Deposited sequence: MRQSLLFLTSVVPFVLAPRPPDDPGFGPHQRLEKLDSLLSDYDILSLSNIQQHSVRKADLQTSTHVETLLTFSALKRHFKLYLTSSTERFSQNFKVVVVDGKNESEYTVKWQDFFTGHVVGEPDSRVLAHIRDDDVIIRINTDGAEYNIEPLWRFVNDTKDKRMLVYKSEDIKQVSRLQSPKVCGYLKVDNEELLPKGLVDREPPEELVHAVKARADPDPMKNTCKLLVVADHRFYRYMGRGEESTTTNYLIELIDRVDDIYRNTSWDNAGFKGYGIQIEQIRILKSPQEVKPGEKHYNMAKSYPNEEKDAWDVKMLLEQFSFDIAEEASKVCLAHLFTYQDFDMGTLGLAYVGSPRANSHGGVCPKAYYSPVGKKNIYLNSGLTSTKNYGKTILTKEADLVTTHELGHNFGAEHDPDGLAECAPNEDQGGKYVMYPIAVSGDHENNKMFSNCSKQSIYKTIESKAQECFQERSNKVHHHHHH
């Protein structure tokens, strides 16, 4: 459990005093070696008018009312150049602070110590982990969380699962909106959740059948995880109906993939004849007598048997989404596409997953930014909607 260097322990109820448009916040806590006086805001309109969260079941469904009073976003006092996201509840707290390059993150402890009833924060710095037309600038992405993710990273409760999913997606969107794909004003072509699908229970299947939510694994039940390619293909097959009207459909799951991989999505392409990527291009398959849309994705949040930190999960999610956005794995031959550790470390889209080695580990390489620009320039006119929020 104790792998990274700085993992100082915090208690929410004692140290986070939480002193007080719409509702403001001036919460503070003595975490690490900083007084951490914050300023945060939330409102109703930050959530989409079509932002429907469905917690599916076996033939049953329900809608969860997202608490717009909770998800905060603001700045640290005295540092107007900072950007901090947060989500404060009675016990659930997921905060992420960006200032002076170094990044400070918060997680509940129950995800790591294998005891879900513990309440505590995990404050750490990501730098010390041991290892141009607007109005079409938003890709409505569909979030799918299968039963493993809900059971292991949500305590069996829907609220924690959706809160974590929204926080991670907001992190990814904040990463995306900053980057300029052409080294010019063409920036802000990020993502936005359209509908979160939370699978609370495994889907019973007939013997010999397949499902991306079943309680087993396709290649062999001896392992505790699917094959990455087969799992992604099956997820694309099963979600084909719900993925038609959404720009992307990303699956969040919890199993230990083989050989250290964590996620893999279909690579995008600006070509009309190519299926798979940003736009929901049609592709028929006689196996299921239905159209198959290859605008899928995959993100597992468990490697080597231990739940990974939110920073590495965010990095894997944006790596998969960059694969979806037409990018390709960085070529290890050139230091300009991917440098060595000393000169800023590996960029995003690296063949292997790197969590927090250096600062530009969250930044897309131009060597991989060109492909994303090529795909976006041709797919934005087709399957990019409005921002609809702030």
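*Pop the missing stretches of the deposited sequence into a list, counting residues from 1 and keeping sequence order.*
Those stretches are 1-35, 56-63, 175-217, 477-483, listed in order.
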